[PDB]
């Protein structure tokens, strides 16, 4: 039902400009906060920007503040990301994501498919461990620590190899609709855990935490769950 489709990526020279687009269908677009998340090849998720339904509130990660401009057309059901002064470190797959109602204390419940951008030639979140070897059926616990208290406003996301991210847990402990009940989360303040009560073959993937207590919804560096 809900669909997000990005376009506008491609090859660009350093210092050039680029404008990404995101078409949305299946929901009242003008009622939701929207955002952008990017992923450099071989790196973790990096939150980029978020925008309010009225466009009166826009937020930007520090590494793109002043260079990028997020915007939206509620009549066209389209999200935009204007990227100026592109550097090599901006090379990434850029994801379009919808927030569930609100922004602070909320979560990105629906994601697009991503679009590749190639540039030619606050609260810190730390996850532990960076890599974990486990077996089918194992109990797996992944930890996430925030540099300051974020109350219960931590989200857990899953990214299988070659796929877009997918929300598992929001607000530290709430299981998102359609997610198998073997996933659970816990924690408050600064220490949080994601638990897979019995590992399944499709669960071998990378897992990211994200805080939403502040306006910049930074991700942890990720935990890769590999086969023992």
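Positions refer to the first chain, counted from 1.
Per the record, residue 121 and residue 122 are separated by a gap of 10 or more residues from the deposited sequence that were not modelled. The stretch 73 to 81 shows the higher mean C-alpha B-factor when 73 to 81 is compared against 99 to 107 in the entry.
Between the stretches 152 to 160 and 125 to 133, it is 125 to 133 that shows the larger average CA temperature factor. Highest C-alpha temperature factor among 185, 180, 26, 35, as the PDB entry reports it: 26. Sort the chain's modelled residues by C-alpha temperature factor and residue 87 lands in the highest third, per the entry. Residue-level temperature factors show residue 55 in the highest third of its chain, judged at the C-alpha atom.
In the deposited entry, the Cα temperature factor of residue 203 places it in the lowest third of its chain's modelled residues. Compared with the other modelled residues of the chain, the Cα B-factor recorded for residue 30 ranks in the highest third. Per the deposited record, the Cα B-factor of residue 49 falls in the middle third when ranked against the other modelled residues of its chain.
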